[PDB]
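The form deposited in one PDB entry is given below as one chain in structure tokens.
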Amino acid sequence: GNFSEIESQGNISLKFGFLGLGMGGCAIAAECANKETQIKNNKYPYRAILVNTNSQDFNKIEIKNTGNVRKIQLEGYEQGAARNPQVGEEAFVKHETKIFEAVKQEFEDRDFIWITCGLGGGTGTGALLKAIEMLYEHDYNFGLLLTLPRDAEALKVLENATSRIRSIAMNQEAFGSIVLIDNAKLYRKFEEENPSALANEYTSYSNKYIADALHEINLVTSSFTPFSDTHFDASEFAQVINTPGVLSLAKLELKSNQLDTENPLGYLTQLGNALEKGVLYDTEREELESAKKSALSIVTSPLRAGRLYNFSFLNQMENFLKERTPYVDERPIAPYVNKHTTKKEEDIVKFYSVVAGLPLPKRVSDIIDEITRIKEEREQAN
């Protein structure tokens, strides 16, 4: 995930802060906060506060971005493998004053905060609702960056996740977007693109993959030259990220010759598949249909832009999004020119979309059925 070229000539739309809770949430938050960029006068664009109980692992969470990443240790509530949310909850409440003082100072210059948490654990999951109340009570603009557990994590972790996800959705109107991450999906993605990969490379891969997906859309929305008057800029991006409900990201890269405007079915089908098989989780038409907001940006070279962004293409794209998110407040189709595209990448056309205000995905229901299976077979066994 090297965005050096783009960063040296671009910028990020929003100054994100990450409030990590628990091991996984802190690992993801740290991965994002430690990102180094080639952005003018902004080597380290992100900040983070990592809240977790003491442990060797938590001590192990590196930290490159100095000063912009602070660890807050939940003294006295180390939980071990108890996987008990009630304890995580008590921990957060007990240390709330210390935590908020840290949040207050570190996030003063932030535009938006991501409460980052791996659903299923004790500390993170347990502290989640309290953390949300804290940011809400102090009027921060914030959203949730959450992972859903793999089936192998078993019963307790799945119930822990199911419990919070349910409560989150019920109270979703109280805050911004919920960027869901399906660990099962990403685990599979890893195996497939790295068949000969070993288990020791997954965690790093998934955390970098997540951080890169968020940073990339943050970059794309403020680093290129708009071809027209329709934009998906920092302002619009903020509008979308602040929309309640689940948020889905998609990205498709095609070679210029695979994008036929006289025979659009081919590339429109690929775009449709990219939107459903999203970056962080998998969605479907039924879910997309109820989107509250959506935006799609297209980026290509000076060489290709002029010939691509014609009436036919733009109209086909307008139609495409209209069929996918029919009831959206606004769905801009925003073509961009990357004026500094290399000769080597001259033919590439990139598509980026963000869909917001979505319902919980199918993976949440599959987890419920996995929990249901286990409990019912346990009864039959009895």
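Throughout, we count residues from 1 along the sequence that is shown. Just so we're on the same page, rigid core means the largest C-alpha set that superposes within 1.5 Å between forms.
There is another form of the same protein, the form deposited in another entry; it is not shown, and what comes next is about it.
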Of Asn194, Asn273, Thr203, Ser228, the one whose Cα moves 2 Å or more between this form and the one not shown after core superposition: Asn194
Could you tell me whether the Cα atom of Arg110 shifts by at least 2 Å between this form and the one not shown after core superposition? no
Aligned on the rigid core, do the two forms place the Cα of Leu155 2 Å or more apart, comparing between this form and the one not shown? yes
Fitting the rigid core first, would the Cα of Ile165 be found 2 Å or more away between this form and the one not shown? yes
Having a change of 3 Å or more in the C-alpha distance between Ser163 and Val93, I'd like to know whether it is closer or farther in the other entry than in the form here. closer
At a change of 3 Å or more, would you call the C-alpha separation of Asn207 and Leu155 in the other entry closer or farther than in the form supplied? closer
